[PDB]
Structures are given as C-alpha cells and as structure tokens.
Amino acid sequence: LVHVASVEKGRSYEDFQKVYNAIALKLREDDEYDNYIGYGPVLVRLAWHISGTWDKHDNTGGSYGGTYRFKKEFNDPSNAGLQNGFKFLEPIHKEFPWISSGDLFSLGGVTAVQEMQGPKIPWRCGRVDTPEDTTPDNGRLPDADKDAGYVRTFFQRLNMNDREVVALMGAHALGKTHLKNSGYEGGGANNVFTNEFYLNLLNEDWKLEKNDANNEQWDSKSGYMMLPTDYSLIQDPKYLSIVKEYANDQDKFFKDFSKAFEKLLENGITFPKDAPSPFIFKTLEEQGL
Ligand code: HEM
Ligand SMILES: O=Cc1cnc2cc[nH]c2c1
C-alpha cells in the first residue's frame, strides 16, 4: 500500500496558517470544555489516535486516509471521548471544506501543542481521504494496563524506538483521564505543554491504587495519576534513563517530541521529492492575534 501526499489543489502555507488560526482561535474561545481544560489535550489525543492505527508492515491505518470519520473507527472503544475533538473541528472543516480529514485531524494536534506553549511541530499537508473500506479495524491502539515490554513491542509496529516512545508519552502532561472514557480517572488537568510528565514520574510519591472502575492506576497525594503504561517508563531501566533526560532538559524534550510527533503524524505517507517543505505555523501570540 502506497499513499502519496497530494497537496490540496492550489493551496499553500497561507491557506494552512488560516486553518491553524481558526483552530487556535476556537481553542481560545471554547475555554469551558472539560472543566476549563479546554480542547487542547483532546485534539492532541485525536491526532495521535488517528495516526496510531498505522501498521508499518502493510501500511494499513495511519493518518493519511482520514478514516476516523467513519463509524467503525469513530466508534472504536479506544477512541471513546475523541468525538469531542471531532465536534470541535466540525465547524473548522465547514469553513475550510477543501482540507482533507487527515490533514485537519493532524493539524488540530499540531495547533493544540503549539497553542499550549509546546514546541513548534513542522507539519506537511497532502493526506487524501480514502473510502470507508480502508478504515482499520478496532484494536490497533494501545492498552493502558500493561508493562514496559508491552509498550516497547507495541510501538515497534509504529516504527518508534525507546527515545521516541518516551518523548511521545510526554504528551500525558496534558489533560486528564475520564473514567467513562477509558476506565481511568484523574490527573493534573493541565493545558500547558511542558516536560512535567517526567518530573511527576520521578518526583511524586506514587501509590498503586484501584479506581472506581476497578482498574489499577498510580496516584499521588498531589492529585496526579499515571497509567500502568506510564509508570512502566520508570520501571524499565532503558526508559528510566530517557525519562531522567527529559526531566532535566526541557529543550531536549521539546525537540525530540517535535520530531517524534511529526513522524507519528506522517507515518505511512510518501512525500514526492517535489512536495512542499514542512510548514512551521506561527502561534496566534506570534501573530499578535
Ligand atoms: C502506551 C501508550 C498510550 C496509552 C496506553 C495511552 C492511554 C491513554 C488513556 C487511557 C488516556 C485517558 C483517555 C480518557 O479517559 O479521556 C489518555 C489520554 C491522553 N493521551 Fe494517551 N496513551 C498512550 C500514548 C499517547 C501518546 C503517544 C500521545 C500523544 C503523543 C497521547 C496523548 C494523550 C493526551 C493528550 C491525553 C489527554 C486527553 C484528554 O485530556 O482528553 N497518549 N491516554
Ligand atoms: O496527572 C498526570 C496525567 C495526566 N493525564 C494523563 C493522561 C494519561 N496519563 C495521564 C497522566
């Protein structure tokens, strides 16, 4: 399976910056969502889940086809809660009907990260909607109740190594878990992108507890929580070294996350040699907007 990036006809950087801006302005406007967390975290999760279906072996899944728009994927139990992100993006897609679904979902994630003061994430356009029969089956997204060995093996399917996995997981600084969504509850409720995931892992006094859904999760008195898969990053000595690195170097985390997140969003896509270079969008703040 080959998916060649095809730039939306006649579109250039300015077009996608307009879309970025519309997303960012709405992020600013709809500030009440999820007890004032806002839509930032759920948009990042959405971009990851539409990408995380990829299988390097046969190039099925991936962000390219925008298949989350189809009920099989939309209704994946692993995607519970993401409908909020999709609804957020609906009016953006109405305003810019020319953008592909894959481009919109992935751009939503990039916009969210940047607007939440995260690293710049270069982003390339050209994903093309594919038919409903190309929607990957449920069950390609990761379980949270597993250990480091599971996480490592899982991410090999997405062609991610230890450093890429540890960097990507830093997105768990964002937002919170919702019992009704995932069977996990609580967390920092933050909407600012920092390396705090790693500092929390290393610095909090974690207690393995059972939540109201009868699932185990690690909790701190400060009110933070870690999934078993999160906590596995300090149980595995190779992961632990990287956690310590990011806990002690904000810039390095930002740079590595940016690369890994772009890679994640671009897995499965062939970019022609004469495709535009990746765009780096200005934040609203950089634009004085
Ligand atoms: C082993 C890998 C992973 C597991 C098991 C996992 C699992 C979860 C679970 C269970 C939640 C709670 C969802 C809810 O109840 O609302 C969550 C939230 C979230 N995840 Fe992950 N995740 C993983 C990797 C990632 C990656 C790679 C990213 C992005 C790079 C990411 C981004 C997020 C974000 C931003 C949230 C907060 C969503 C919100 O606040 O609504 N996760 N994750
Ligand atoms: O409190 C830390 C925290 C916040 N959000 C998430 C999401 C998954 N794991 C998390 C942990």
# chains A, B, ... in the order shown; residues from 1 in each chain; ligands from 1

$ select_by_dssp --residues "range 54-278 of chain A" --states "helix (DSSP H, G or I)" --output "PyMOL selection string"
chain A and resi 67-69+71-74+77-79+83-95+101-115+132-134+148-156+162-173+179-182+196-203+228-235+237-247+250-266

$ closest_atom_pairs --of "chain A" --to "ligand 1" --cutoff "6 Å" --atoms "only C-alpha atoms and all ligand atoms" --output "Markdown table"
| residue | atom | partner | partner_atom_place_in_ligand_line | distance |
| --- | --- | --- | --- | --- |
| A:41 | CA | ligand 1 | 35 (C) | 4.2 |
| A:42 | CA | ligand 1 | 41 (O) | 4.0 |
| A:44 | CA | ligand 1 | 35 (C) | 4.8 |
| A:45 | CA | ligand 1 | 34 (C) | 4.3 |
| A:48 | CA | ligand 1 | 29 (C) | 5.2 |
| A:81 | CA | ligand 1 | 16 (O) | 5.8 |
| A:142 | CA | ligand 1 | 5 (C) | 4.9 |
| A:143 | CA | ligand 1 | 5 (C) | 4.8 |
| A:144 | CA | ligand 1 | 5 (C) | 3.6 |
| A:151 | CA | ligand 1 | 1 (C) | 5.3 |
| A:168 | CA | ligand 1 | 30 (C) | 4.3 |
| A:169 | CA | ligand 1 | 27 (C) | 4.8 |
| A:171 | CA | ligand 1 | 29 (C) | 4.9 |
| A:172 | CA | ligand 1 | 33 (C) | 5.2 |
| A:174 | CA | ligand 1 | 35 (C) | 5.1 |
| A:175 | CA | ligand 1 | 40 (O) | 3.3 |
| A:176 | CA | ligand 1 | 40 (O) | 4.3 |
| A:177 | CA | ligand 1 | 15 (O) | 3.7 |
| A:178 | CA | ligand 1 | 15 (O) | 3.7 |
| A:179 | CA | ligand 1 | 15 (O) | 5.8 |
| A:181 | CA | ligand 1 | 15 (O) | 4.3 |
| A:182 | CA | ligand 1 | 15 (O) | 4.1 |
| A:184 | CA | ligand 1 | 15 (O) | 5.8 |
| A:229 | CA | ligand 1 | 1 (C) | 5.4 |

$ write_last_selection --atoms "N, CA, C and O atoms" --output "short mmCIF file (atom, residue, chain, number, x, y, z; two decimals), in the first residue's frame"
data_model
loop_
_atom_site.label_atom_id
_atom_site.label_comp_id
_atom_site.auth_asym_id
_atom_site.auth_seq_id
_atom_site.Cartn_x
_atom_site.Cartn_y
_atom_site.Cartn_z
N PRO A 41 -5.84 19.31 24.90
CA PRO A 41 -5.43 17.92 25.11
C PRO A 41 -6.19 16.93 24.25
O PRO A 41 -5.57 16.03 23.67
N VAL A 42 -7.51 17.06 24.13
CA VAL A 42 -8.27 16.10 23.34
C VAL A 42 -7.92 16.16 21.84
O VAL A 42 -7.95 15.14 21.14
N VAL A 44 -4.85 16.88 20.71
CA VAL A 44 -3.59 16.17 20.62
C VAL A 44 -3.85 14.67 20.62
O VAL A 44 -3.29 13.93 19.82
N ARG A 45 -4.70 14.22 21.53
CA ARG A 45 -5.01 12.80 21.57
C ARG A 45 -5.64 12.33 20.27
O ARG A 45 -5.32 11.26 19.76
N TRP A 48 -3.09 11.78 17.58
CA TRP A 48 -2.34 10.57 17.88
C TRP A 48 -3.14 9.31 17.56
O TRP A 48 -2.64 8.41 16.89
N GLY A 81 -14.42 9.36 23.76
CA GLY A 81 -14.12 10.71 24.19
C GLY A 81 -13.61 11.61 23.07
O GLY A 81 -13.71 12.83 23.15
N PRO A 142 -3.14 1.27 21.84
CA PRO A 142 -2.54 0.51 22.95
C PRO A 142 -3.42 0.38 24.20
O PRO A 142 -4.22 1.26 24.49
N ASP A 143 -3.26 -0.73 24.92
CA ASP A 143 -3.87 -0.92 26.23
C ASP A 143 -3.07 -0.15 27.27
O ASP A 143 -1.85 -0.01 27.14
N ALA A 144 -3.73 0.30 28.32
CA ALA A 144 -3.05 1.08 29.36
C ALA A 144 -2.65 0.25 30.58
O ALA A 144 -1.92 0.73 31.45
N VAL A 151 4.65 -1.97 25.97
CA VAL A 151 4.77 -0.65 25.36
C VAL A 151 5.84 -0.66 24.27
O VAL A 151 5.63 -0.15 23.19
N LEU A 168 7.15 10.77 23.09
CA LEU A 168 5.74 10.87 22.75
C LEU A 168 4.88 10.81 24.00
O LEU A 168 3.90 11.56 24.12
N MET A 169 5.23 9.92 24.93
CA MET A 169 4.43 9.76 26.14
C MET A 169 4.37 11.02 26.99
O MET A 169 3.51 11.15 27.86
N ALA A 171 3.31 13.71 26.19
CA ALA A 171 2.02 14.35 25.95
C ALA A 171 1.04 14.08 27.09
O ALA A 171 0.03 14.76 27.24
N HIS A 172 1.34 13.08 27.92
CA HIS A 172 0.50 12.78 29.07
C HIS A 172 0.63 13.79 30.21
O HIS A 172 0.03 13.62 31.27
N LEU A 174 -0.64 16.40 29.57
CA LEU A 174 -1.83 17.15 29.17
C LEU A 174 -3.11 16.50 29.64
O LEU A 174 -3.26 15.29 29.58
N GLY A 175 -4.05 17.34 30.06
CA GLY A 175 -5.41 16.91 30.29
C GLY A 175 -5.53 15.91 31.42
O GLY A 175 -4.77 15.94 32.38
N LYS A 176 -6.49 15.00 31.29
CA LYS A 176 -6.73 14.02 32.33
C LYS A 176 -7.39 12.79 31.76
O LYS A 176 -7.76 12.75 30.58
N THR A 177 -7.52 11.78 32.60
CA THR A 177 -8.25 10.59 32.24
C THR A 177 -9.68 10.76 32.73
O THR A 177 -9.92 11.48 33.69
N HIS A 178 -10.61 10.11 32.06
CA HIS A 178 -12.02 10.22 32.38
C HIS A 178 -12.55 8.81 32.51
O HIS A 178 -12.50 8.03 31.56
N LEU A 179 -13.06 8.48 33.69
CA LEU A 179 -13.49 7.12 33.97
C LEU A 179 -14.41 6.56 32.89
O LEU A 179 -14.26 5.41 32.46
N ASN A 181 -14.59 7.32 29.84
CA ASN A 181 -13.90 7.14 28.56
C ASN A 181 -13.04 5.89 28.54
O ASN A 181 -13.14 5.08 27.62
N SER A 182 -12.20 5.75 29.55
CA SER A 182 -11.10 4.79 29.48
C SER A 182 -11.02 3.84 30.67
O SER A 182 -10.24 2.89 30.63
N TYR A 184 -10.09 4.96 33.59
CA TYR A 184 -9.09 5.59 34.44
C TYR A 184 -9.57 6.98 34.81
O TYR A 184 -10.26 7.63 34.03
N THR A 229 1.02 1.82 32.05
CA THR A 229 1.96 2.01 30.95
C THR A 229 2.84 3.26 31.14
O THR A 229 4.00 3.28 30.72
#

$ closest_residue --among "A:233, A:107, A:89, A:80" --to "residue 152 in chain A" --atoms "only C-alpha atoms"
A:233

$ atom_distance --atom1 "CA of residue 279 in chain A" --atom2 "CA of residue 106 in chain A"
12.9 Å

$ closest_residue --among "A:183, A:237, A:131, A:38" --to "residue 84 in chain A" --atoms "only C-alpha atoms"
A:38

$ residues_near_ligand --ligand "ligand 2" --cutoff "8 Å" --atoms "only C-alpha atoms and all ligand atoms" --output "MDAnalysis selection string"
chainID A and resid 171:177 186:190 197 200 223:227 230

$ residues_around --residues "range 253-256 of chain A" --least-positions-apart "6" --cutoff "12 Å" --atoms "only C-alpha atoms" --output "number ranges by chain"
A: 113-114, 117-122, 161-171, 193-199, 242-247, 262-263

$ atom_distance --atom1 "CA of residue 111 in chain A" --atom2 "CA of residue 10 in chain A"
22.0 Å

$ closest_residue --among "A:234, A:27, A:2, A:208" --to "residue 147 in chain A" --atoms "only C-alpha atoms"
A:234

$ residues_around --residues "range 219-221 of chain A" --least-positions-apart "6" --cutoff "6 Å" --atoms "only C-alpha atoms" --output "VMD selection string"
chain A and resid 205 to 207

$ closest_residue --among "A:22, A:240, A:160, A:213" --to "residue 95 in chain A" --atoms "only C-alpha atoms"
A:22

$ residues_around --residues "residue 127 in chain A" --least-positions-apart "6" --cutoff "10 Å" --atoms "only C-alpha atoms" --output "number ranges by chain"
A: 3-8, 63-66, 99-104, 106, 266, 269-271

$ closest_residue --among "A:218, A:19, A:40, A:79" --to "residue 94 in chain A" --atoms "only C-alpha atoms"
A:19

$ residues_around --residues "residue 91 in chain A" --least-positions-apart "5" --cutoff "10 Å" --atoms "only C-alpha atoms" --output "CSV table (one decimal) with N, CA and C atoms, in the first residue's frame"
chain,number,residue,atom,x,y,z
A,22,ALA,N,-7.8,29.4,12.7
A,22,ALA,CA,-9.2,29.2,13.0
A,22,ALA,C,-9.3,28.2,14.2
A,23,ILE,N,-8.5,27.1,14.1
A,23,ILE,CA,-8.4,26.2,15.2
A,23,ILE,C,-8.0,26.8,16.5
A,26,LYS,N,-10.5,29.1,18.1
A,26,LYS,CA,-11.6,28.4,18.7
A,26,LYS,C,-11.2,27.7,20.0
A,86,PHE,N,-13.6,15.8,17.5
A,86,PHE,CA,-14.2,15.8,16.2
A,86,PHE,C,-15.2,16.9,16.0
A,96,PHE,N,-13.4,25.5,6.1
A,96,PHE,CA,-12.3,25.1,5.1
A,96,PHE,C,-12.6,23.7,4.6
A,97,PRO,N,-13.6,23.6,3.7
A,97,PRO,CA,-14.0,22.3,3.3
A,97,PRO,C,-13.0,21.6,2.3

$ closest_residue --among "A:145, A:285, A:30, A:73" --to "residue 87 in chain A" --atoms "only C-alpha atoms"
A:30

$ select_by_dssp --residues "range 82-210 of chain A" --states "strand (DSSP E)" --output "VMD selection string"
chain A and resid 175 to 177 186 to 190 207 to 210

$ atom_distance --atom1 "CA of residue 275 in chain A" --atom2 "CA of residue 289 in chain A"
29.3 Å

$ residues_around --residues "residue 59 in chain A" --least-positions-apart "3" --cutoff "6 Å" --atoms "only C-alpha atoms" --output "PyMOL selection string"
chain A and resi 1+55-56+268
